[PDB]
Each structure stands twice: as C-alpha cells, then as structure tokens.
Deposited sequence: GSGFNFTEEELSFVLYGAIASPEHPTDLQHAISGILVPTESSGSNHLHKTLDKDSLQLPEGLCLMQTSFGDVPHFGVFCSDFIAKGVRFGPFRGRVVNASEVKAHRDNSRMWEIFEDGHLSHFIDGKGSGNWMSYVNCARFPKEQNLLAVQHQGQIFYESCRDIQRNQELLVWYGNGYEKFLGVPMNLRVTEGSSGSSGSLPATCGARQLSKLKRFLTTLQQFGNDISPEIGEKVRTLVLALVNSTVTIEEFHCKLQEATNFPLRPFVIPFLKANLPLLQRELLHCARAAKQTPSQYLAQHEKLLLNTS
C-alpha cells in the first residue's frame, strides 16, 4: 500500500463540505419513523455515490443535555462476526462484565445515525450506560450546523481512546478484540496515539506520525510496529493492541483505499 499522509489525515481528521456551510464528518459507513427530537435534523451528503447521513443540530443544544435510550436489536456476544466493523453497536454491561451488544443498524431510530468522534475536538456527545441502556449526553454547547458526534464517555475504562471496561464505582475482564464500533475505535486509537506522542515531545510525536503512516501502509508489520513504537515512545502498550490491530487495521486500509478521484 502506498498512501500519502494527507489522505490518511483526511480519513482521521477530515470532513466533506456540503453546498451550505456545515460539513459532514467521516464515519463513512457502507464501504461498498426517526422520532428525531426538536432542535435536531438528519443530513444526507454523497460520498462515492454512496449515501451517507449524519445528525446535525438545527438550533441549539446546551452542555449536559441527555438523549436516549439507544434502540436496536439485541446481539448476543457470541454471534458477532469477526473482521467486521459493527458501526452501530453498543456494548451492554451487567455486573462488571459484557452482557450483550445492542445493534442499532436498521432500527430507524434517529440515534443510530449519530456518527462517532474520531478525536475530542470534533466530539460533542458522551456515550453513557444507565440501567441496561445507552444514552448520549452533550459534553459541550452544541451550536447550529455543528454535527453531533459521540464517543465512549468516562465511566468507560479506556486505554488511549479504546474502551476496555465499565469504570468502577471491582471486576476484571476485557472485551474481546472482536467487537463493536471497531473502525471508529481504531481511528480514535490512532489519533489519540498521535496526540499522546506530541505531548511527550515534538521529535517523538513526529516519529509516531511516520511510524503510524508506515503501519497503515503495511510497510511495517504490526509486531514490528509495536516494538518500534515502544522503542520510540519509551512507553508500553497494553497486550490487547496487537490482536486489535491485526483485526481492525484492514478496515482502515479498505476505507482509505475507497476514494474517488475528482470527477
């Protein structure tokens, strides 16, 4: 694979502009009765002649407003296939452990169209589990024409962006590497990883930037990447990362590859 840093930055940090002013962010699913509340709207744009929706704020949303509960099929933990994205699933915990997933795909409820945050600056929603269900809570004042984008809130034990557990008010098990919202988790891991590097050092952050791009381009194998990254950053990754990358890296590559050329 021979991708440029700019086309990587596009998939991790970019957005498509519409005929208007507001832009759609990229959780560009579909790689090859809404009951929508007041103040919100569903917004289609086109990407590769493939329809792509997003939930936008038509008016105003104050910080601390909570929407939900998320609605969808109940997927038992065993029947979720591997090498798949599962763009619209949430992990449901009971008593400290993974119970089941809740699949919003094809629900037709408006919340299943809210895309994920790939990094915090574009994030205005927090995913929050209460009782058995998922809610989205605004973490910022949401202004008109700004897109609603969610990520796993605190109350989820996370490592560099990826959630491992339901943060305790004690239990001990990680969700298996094959699960919900995998491509979004991968993006969130890579961006968080990049920011993590920059905070240590400019030279170290630049090393990671090239090291990640080389990984995305399969120039370097994951275990090769893992070692060199730990060498360059002087910081140990959790064991889940290698199988996580082996499972989900080919999703970012497939999407990255999926780009139209001008006309």
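Chemist: Please report every deposited-sequence interval that has no C-alpha in the structure, sorted by position.
Modeler: Several regions go unmodelled: 1-3, 36-54, 192-196, 291-309.
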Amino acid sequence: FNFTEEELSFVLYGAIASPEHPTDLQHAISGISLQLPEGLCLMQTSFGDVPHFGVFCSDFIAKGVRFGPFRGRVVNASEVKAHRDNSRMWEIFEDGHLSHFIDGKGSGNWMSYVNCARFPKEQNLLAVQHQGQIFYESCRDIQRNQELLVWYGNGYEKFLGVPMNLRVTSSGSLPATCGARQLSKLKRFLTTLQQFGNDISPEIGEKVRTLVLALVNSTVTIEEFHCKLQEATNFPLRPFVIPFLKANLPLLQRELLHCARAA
From here on, numbers count along this sequence of modelled residues.
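Chemist: Which is higher in the entry, the mean Cα B factor of 87-95 or that of 122-130?
Modeler: The recorded data point to 87-95.
Chemist: Mean CA temperature factor from the deposited coordinates, higher in 197-205 or in 219-227?
Modeler: Higher mean C-alpha B-factor in the PDB entry: 219-227.
Chemist: Among 154, 184, 138, 169, which carries the highest Cα B-factor?
Modeler: So the option with the highest C-alpha B-factor is 169.
Chemist: From 65, 36, 29, 43, pick the one with the largest CA B-factor in the entry?
Modeler: Each of 65, 36, 29, 43 was compared by C-alpha B-factor; the highest is 29.
Chemist: Please rank the C-alpha B-factors of the chain's modelled residues and tell me whether residue 74 sits in the lowest, middle or highest third.
Modeler: It belongs to the middle third of the chain when residues are ordered by C-alpha B-factor.
Chemist: Based on the entry's values, in what third of the chain does the Cα temperature factor of residue 235 lie: lowest, middle or highest?
Modeler: Middle third - that is where residue 235 ends up once the chain's C-alpha B-factors are sorted.
Chemist: Among the chain's modelled residues, which third holds the C-alpha B-factor of residue 55?
Modeler: Residue 55: CA B-factor falls in the lowest third of its chain.
Chemist: Give the position of residue 81 by CA B-factor within its chain, expressed as the lowest, middle or highest third.
Modeler: For residue 81, the deposited C-alpha B-factor lands in the highest third.
Chemist: Could you place residue 173 in the lowest, middle or highest third of its chain by Cα temperature factor, using the values in the record?
Modeler: Highest third.
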